[PDB]
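Structure first, commentary second.
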Amino acid sequence: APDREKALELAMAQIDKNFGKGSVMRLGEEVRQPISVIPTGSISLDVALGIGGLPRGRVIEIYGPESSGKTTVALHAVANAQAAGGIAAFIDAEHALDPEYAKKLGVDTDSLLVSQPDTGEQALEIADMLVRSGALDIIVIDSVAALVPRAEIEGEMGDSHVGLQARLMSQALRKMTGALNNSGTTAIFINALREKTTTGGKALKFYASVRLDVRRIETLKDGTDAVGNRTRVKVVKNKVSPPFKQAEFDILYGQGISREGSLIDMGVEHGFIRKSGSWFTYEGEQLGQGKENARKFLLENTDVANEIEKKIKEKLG
Ligand SMILES: Nc1ncnc2c1ncn2[C@@H]1O[C@H](COP(=O)(O)OP(=O)(O)O)[C@@H](O)[C@H]1O
């Protein structure tokens, strides 16, 4: 009586029932479940997530080298969430946030709750009190690395020179997740890479439903003079869709994730926009000869690149 595929399913089902939808899943599988998500502001990355954005009520971690593009995405999330009429809280602990830029990304700073904790404990706690209030859609934390314990913030000797930070970070998540689910608020934990872990990413890794690995990969020289930098995000972990997908998206200086950029990329691979010979075209239209000229084309003739986005939106989701 051995039938693998029938015996496998029964097992898989059990596996999912004992540990939750997504415990295990074939890699090239398509997903009925839409969740309800917060657009990552990166169409590519969105598809890359397989639900069109950051799932809600889950602990997300966006890690990666400095200036890779983590924040911007975390900020875009916020902005979107707020358009959907959601309230957002920024548990700042690095003091870098540029509200100005943030508004340019569409964030409504004036309605954005900001907190700058005195300690790691406080920082996580303050965020917990807010989470379980239920009034939030998304709550971003800046720099897991900065969630330094109190005994360390205050002057405490190199005795009980423990593995204390990550501890703090586990207990805090052990209880904040439960509420995030009940609350359905999405927690984006920005965790940045170092010197020479993060002493606190050890816990996260296991408590995060989604873990994006943000990376810098190119300087958009364009007309041989800097505009912005191209980014690549790997979805190393996804418990709401098949993991390991990949997306690339532009981020010009001063500007956030380039919509037209996205369009001209996703367009090409998905072939609605056919072009090569170092030139670009759509439905026979002369877009221009460099990704930039094109980006600009779309940026200007708003009408086009709208039917494209459309055309692309259809074929995917
Ligand atoms: N305050 C700013 N002013 C101008 N450009 C910015 C600013 N912050 C971010 N950017 C742009 O957004 C990109 C990503 O920034 P950011 O997300 O802060 O890097 P990180 O990965 O350390 O969080 C930067 O490379 C730059 O192109």
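What the sequence shown shows, in the deposited numbering, is residues 5 to 200, 210 to 330, in sequence order.
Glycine is no exception: its CB is placed at the ideal position from the N, C-alpha and C atoms.
Residue 209 in three-state terms, based on DSSP: Between 200 and 210 in the chain the model has nothing, and residue 209 is one of the residues in that span.
Residue from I230, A131, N314 whose Cα sits closest to the Cα of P69: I230
CB contact flag (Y67, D226, <8 Å): yes
Minimum C-alpha distance to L49 - residue among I277, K304, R154, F262: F262
Distance, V63 Cα to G89 Cα: 21 Å
Given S271 as reference, the closest of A11, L233, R287 once Cα atoms are compared: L233
8 Å Cβ cutoff met for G274 and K108: no
Sequence ranges, alpha helix (DSSP H) only - wholly within the region 228–254, length at least 4: none
Reduced DSSP secondary structure (H/G/I, E/B, other) of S72: coil
Close beta carbons around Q86, own chain, < 6 Å, minus the five adjacent residues each side: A92, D112
CA nearest to the CA of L116, picked from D96, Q126, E125, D122: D96
Buried versus exposed, by CB contacts within 10 Å (16 or more), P153: buried
Buried/exposed call for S147, threshold 16 Cβ in 10 Å: buried
Any non-hydrogen atom of ligand 1 closer than 7 Å to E298 Cβ: no
Own chain partners of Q120 with C-beta closer than 6 Å, once the 5 adjacent residues on each side are dropped: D96
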